[PDB]
Amino acid sequence: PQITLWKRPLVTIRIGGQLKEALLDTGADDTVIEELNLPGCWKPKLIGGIXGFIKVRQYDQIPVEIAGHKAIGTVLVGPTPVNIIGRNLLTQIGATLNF
Ligand SMILES: CCCC[C@@H](CN[C@@H](CCCC)C(=O)N[C@@H](CCC(N)=O)C(=O)N[C@@H](CCCNC(N)=[NH2+])C(N)=O)NC(=O)[C@@H](NC(=O)[C@@H](NC(C)=O)[C@@H](C)O)[C@@H](C)CC
């Protein structure tokens, strides 16, 4: 599909068997999702942006479907204000910027 940028590029994702809404963010290196449990598998990380840093739980090799496209990769979990799909998964679904 093609997504224009007149409004925030929000899409439905599936993760850990749960459906969420997330923002496709080309300015994010990584993917950041709120709450939800998961694997006895995670390790600590700090990630930053405007306003500084938050502590997150890094989970590896997590299956994540995005607009019907299967991806599998690192997912960071913490108190992000907005669920974010970053380049680590956008590359797996063949996403490009075009102008
Ligand atoms: C400045 C750092 C690079 C750009 C920034 C864009 N992320 C979005 C995330 C959405 C908000 C949680 C953002 O900050 N958007 C702001 C940009 C400022 C702006 N005014 O446009 C925004 O839209 N802010 C809205 C409010 C939130 C809107 N978004 C939304 N509701 N979805 C605004 N009006 O204030 N990327 C990031 O914040 C990511 N940071 C990174 O990718 C890198 N970190 C650093 C420090 O560069 C990497 C080394 O970790 C985060 C997610 C970690 C992977």
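In the nomenclature of the PDB entry, the protein chain corresponds to [D-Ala51/51']HIV-1 protease.

## Structural notes on the pattern of salt bridges
Pairing between side chains of opposite charge can happen when the charged atoms of each approach one another. For the structure shown, the criterion picks out 4 salt bridges. As a salt-bridge pair, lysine 70 and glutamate 65 come within 2.9 Å of each other at their nearest N and O atoms. With relative accessibility at 68%, the residue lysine 70 sits in the exposed group. Residues participating in the shared-partner salt-bridge network are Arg14, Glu65 and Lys70.

## Some thoughts on the nonpolar core
Ranked by size, the top nonpolar core spans 15 residues in total, and within it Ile13, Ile15, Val64, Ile66, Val75 and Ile85 carry the most contacts. Residue assignment for this core shows that the elements contributing at least two residues are β1 (10–15), β5 (52–66), β6 (69–77) and α1 (87–90). The element that contributes the greatest number of residues to this core is β5, accounting for 4 residues. Not counting the four nearest positions on each side in its chain, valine 75 is found in contact with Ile15, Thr31, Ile33, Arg57, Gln58, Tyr59, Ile62 and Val64. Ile47, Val56, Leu76 and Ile84 belong to the second largest nonpolar core, which has 6 residues in total.

## A closer look at the packing of aromatic side chains
On inspection of all chains with the given rule, the structure shows 0 aromatic pairs. The cationic tip of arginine 57 hangs over the ring face of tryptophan 42; the distance from NZ or CZ to the ring centre is 5.6 Å.

## Overview of the site of the ligand
For the ligand, the set of nearby residues contains 14 residues, the closest of which are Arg8, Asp25, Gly27, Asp29 and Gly48. For the ligand, a nitrogen atom lies 3.1 Å from a polar atom in the side chain of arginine 8. A distance of 2.8 Å separates a nitrogen atom of the ligand from a polar atom in the side chain of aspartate 25. Burial of the ligand by the surrounding chains reaches 51%, relative to a free accessible area of 1000 Å². Looking at the shell around the ligand, the element that brings in the most residues is strand β4 (residues 43–49), giving 3 residues. Per-class residue counts for the shell around the ligand are 7 nonpolar, 3 polar and 4 charged.

Calculation criteria
- Residues numbered from 1 in each chain as written, not as in the entry; some residues may be left out.
- Heavy atoms only, no water.
- Residues with missing side-chain atoms left out of burial classes, pairs and counts.
- Salt bridge = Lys/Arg side-chain N within 4 Å of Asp/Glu carboxyl O.
- Buried < 20%, exposed > 50% of the residue type's maximum accessible area, 1.4 Å probe, protein only.
- Core = buried A, V, L, I, M, F, W, Y, C linked by side-chain atoms within 4.5 Å.
- Helix = DSSP H or I, 4+ residues; strand = E, 2+ residues; numbered from the N terminus.
- Contact = heavy atoms within 4.5 Å.
- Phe/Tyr/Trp six-rings, centres within 6.5 Å; stacked < 30°, edge-to-face > 60°.
- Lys NZ or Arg CZ within 6 Å of the ring centre and 35° of its normal.
- Near = heavy atom within 4 Å.
- Polar contact = N/O pair within 3.5 Å; in protein donor to acceptor, adjacent residues only side chain to side chain.
- Areas by Shrake-Rupley, 256 points an atom, 1.4 Å probe, with all protein chains shown as cover.
- Nonpolar A, V, L, I, M, F, W, Y, C, P; charged D, E, K, R; others polar.

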